[PDB]
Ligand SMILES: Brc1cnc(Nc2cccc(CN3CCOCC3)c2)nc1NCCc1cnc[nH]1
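The form solved without the ligand is given below as one chain in structure tokens.
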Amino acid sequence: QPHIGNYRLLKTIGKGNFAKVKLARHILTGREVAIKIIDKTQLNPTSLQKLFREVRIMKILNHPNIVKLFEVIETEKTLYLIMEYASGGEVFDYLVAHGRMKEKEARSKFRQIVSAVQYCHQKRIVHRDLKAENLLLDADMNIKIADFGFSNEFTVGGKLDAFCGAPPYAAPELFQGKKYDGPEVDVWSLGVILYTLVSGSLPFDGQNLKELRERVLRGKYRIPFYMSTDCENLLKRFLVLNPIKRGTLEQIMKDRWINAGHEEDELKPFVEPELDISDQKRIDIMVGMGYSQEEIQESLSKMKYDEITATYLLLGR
């Protein structure tokens, strides 16, 4: 237990029903990572297949504002997912500690959040369960979205995180008896998030579910005097009771407030860079570590998420 694969395991930073998360250090590059450790012997067949599908989703989410998977290590009883470590905690906890962000700083965070979520939506991944645990900060105050489209069953907080933390962010369709599944649901949640960044508090709240419900269905929220008119007008594009009338993220990216100070740099859909698996400076380093040319090209081209692809990625950070 002091090591797994090419990682020295350090402090346990969370423990849940079916998973633990440890901080760790990659031995070959010296980088810090977070390792999620899932006990497979405690999962039935359905839960086991959900896990693997979700691992496949983590492999295809590659965006500077979404927690990146670096490596998978699997044994008959345990699954280890070696992940990017975001050391800055939850955005909402930051807001409770430091109060509201001025509009300039809220804008630089909200541009990152809209880009990351739109990017998921474009690949047909919708979360429908946004809560404070999903929005993290790294050491440089960049947004890192965690566990997006990744079941609570495999998290440290488990179901309780959703029941305790999801209602304030739930779209009004949750209490209207019909579907709850398209991207429009996450668009409502992102309006709630914008409101928290600019005010430091929740637009809808109550002492019990019935009261929270009332406020969410009514759709009315306080606009403080310090909030610009342009921010107020953006909130109106997210917080619409009729999901059909709600704005889409690709449209909302053209909003005046969103692009203030970005006259020459308008927000638009993220486009993945072409993945460079042929950087010779890093390949030469890996050859120096004892991998062969041929092993490196095979693990990179088949994108194996093994010792090699992780070392290549971590050498690039």
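Position 1 is the first residue in the sequence shown; the rest follow in order.
Omitted from view is the form deposited with the ligand bound, to which the following refers.
Contact annotation: of the candidates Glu90, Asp205, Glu103, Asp230, the single residue with a non-hydrogen atom within 4.5 angstroms of the ligand in the bound PDB entry is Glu90. Proximity to the ligand in the bound PDB entry, defined as a heavy atom within 4.5 Å, singles out one entry of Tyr85, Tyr80, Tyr119, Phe110, which is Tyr85.
Stretch-level contact check against the ligand in the bound PDB entry with heavy atoms at 4.5 Å: of 220-228, 238-246, 129-137, 184-192, the positive one is 129-137. Looking at the ligand in the bound PDB entry, residues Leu9, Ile27 and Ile73 place no heavy atom within 4.5 Å of it. In the bound PDB entry, the ligand lies farther than 4.5 Å from every heavy atom of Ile66. Though the partner is left out of this view, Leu267 does not reach within 4.5 Å of the ligand in the bound PDB entry, counting heavy atoms only.
Using a 4.5 angstroms threshold between heavy atoms, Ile308 stays clear of the ligand in the bound PDB entry. Among residues of the shown chain, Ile296 is not one whose heavy atoms approach the ligand to within 4.5 Å in the bound PDB entry.
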